[PDB]
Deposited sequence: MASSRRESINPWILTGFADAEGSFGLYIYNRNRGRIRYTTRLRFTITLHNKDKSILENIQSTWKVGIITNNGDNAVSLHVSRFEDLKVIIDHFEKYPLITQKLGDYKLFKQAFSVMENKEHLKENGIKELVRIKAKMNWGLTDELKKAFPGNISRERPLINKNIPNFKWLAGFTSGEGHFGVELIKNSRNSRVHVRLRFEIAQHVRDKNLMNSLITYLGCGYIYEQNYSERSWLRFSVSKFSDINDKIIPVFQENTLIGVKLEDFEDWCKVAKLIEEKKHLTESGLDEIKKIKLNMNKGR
């Protein structure tokens, strides 16, 4: 139950944190400010480590297979705000944080208890996440601006990347089938997935790491990006050294370790033998979704 490096924490928050402002009609209006991280059960240790680092927030069972860290206590939200002022987000979520902070200022002056303050908060919430609800849209009609200044920041350091990869990353051992034979070959893959809205950040991964490609997929109004590396030299020389030096967190750390085992076997060309390929096929079976 250790504590997490602050920049790793910011990286993970950029990946899977959420800043919320919630307004519902009571009988007037109730207003709540909340930071939330929702993860699969297997990574409850992450939430505990985050909790151990901030000394705020509650950890709750969320359904059958998920757990959540909730921070709603107003005094405790100060702790969060101060962290992200010293170690700032760099994805578009930073915009949500800014609005989160602006709403915090309104409530600190107790102005959410007056009608004029509510109208300010509604304007803020309109630009946050999924925006206003239909209750709010009906109660406050017209086109409330959803527009928001676009965030354009570089990756601060590798500690941030390790936190962000701990959330959005993928370390895969792939068995390549061909058509004229039945023997399979091994290929290692590193991937990072993200919505198109952070296209500039994703493209910078190529330069920042020194390898890889950016691919886009599109399904109706759905689209996302994929930073992808396959060339073994780059994976062995440019990806593995980075995460060995900057440690991952959660279950995905164990995936990276098994990933490196396979890489060492490929490096020693033991994967072209049959005792080696067998051990690799075993390691593949028990990592990622197989674990």
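Absent C-alpha positions map to the deposited sequence ranges 1 to 5, 33 to 36, in order along the chain.
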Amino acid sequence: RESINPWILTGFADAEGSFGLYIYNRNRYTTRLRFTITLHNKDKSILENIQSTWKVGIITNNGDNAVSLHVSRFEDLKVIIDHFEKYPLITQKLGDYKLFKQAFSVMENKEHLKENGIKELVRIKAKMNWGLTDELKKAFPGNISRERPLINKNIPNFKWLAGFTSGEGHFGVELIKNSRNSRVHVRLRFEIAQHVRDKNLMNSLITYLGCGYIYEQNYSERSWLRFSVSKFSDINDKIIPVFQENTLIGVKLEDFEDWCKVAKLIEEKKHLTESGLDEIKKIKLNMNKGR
From here on, numbers count along this sequence of modelled residues.
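Higher mean CA temperature factor, per the PDB entry, when comparing 213 to 221 with 189 to 197: 213 to 221. The mean C-alpha temperature factor is higher for 108 to 116 when 148 to 156 and 108 to 116 are set side by side.
Within the group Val229, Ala263, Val56, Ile249, the record's highest C-alpha temperature factor is found at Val56.
As recorded in the PDB entry, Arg183 shows the highest C-alpha B-factor of the residues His170, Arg183, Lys125, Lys93. Ranked within its chain, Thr38 lands in the lowest third, by CA B factor from the PDB record. Sorting the modelled residues of the chain by their CA temperature factor places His70 in the lowest third. For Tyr208, the recorded CA B-factor ranks within the middle third of the chain. Only modelled residues enter the ranking. In the deposited entry, the Cα temperature factor of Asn5 sits in the bottom third of values across the chain's modelled residues. For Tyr97, the recorded CA temperature factor ranks within the lowest third of the chain's modelled residues.
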